[PDB]
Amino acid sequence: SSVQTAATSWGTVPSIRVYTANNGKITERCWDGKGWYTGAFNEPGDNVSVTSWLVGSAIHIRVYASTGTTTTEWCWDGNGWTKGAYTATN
């Protein structure tokens, strides 16, 4: 009966992203060094995980949002969220 979170970070300041699954919806809070704010990610899901990697100074984020046995991958690559190629046969 609690929310469920996932977190990732990059750099040294750092930048942080925290995803919260709450009543079937996943939202995103962001830190870039000067206060928390609400990010552009808002998608359905009961469970969330995240990973990210830098290429130079460019961040790439992958969020795995699951409802039932269906996991949807969401991708941030500098210019908006897009649905990723991830599949699994759960």
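Position 1 is the first residue in the sequence shown; the rest follow in order.
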Stretch exceeding the other in mean C-alpha B-factor - 73-81, 6-14: 73-81
Of 31-39 and 45-53, the stretch whose C-alpha atoms average the higher B-factor in the entry: 31-39
Third of the chain's Cα B-factor distribution that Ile59 belongs to, per the entry: middle
CA B-factor ranking of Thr20, expressed as a third of its chain: lowest
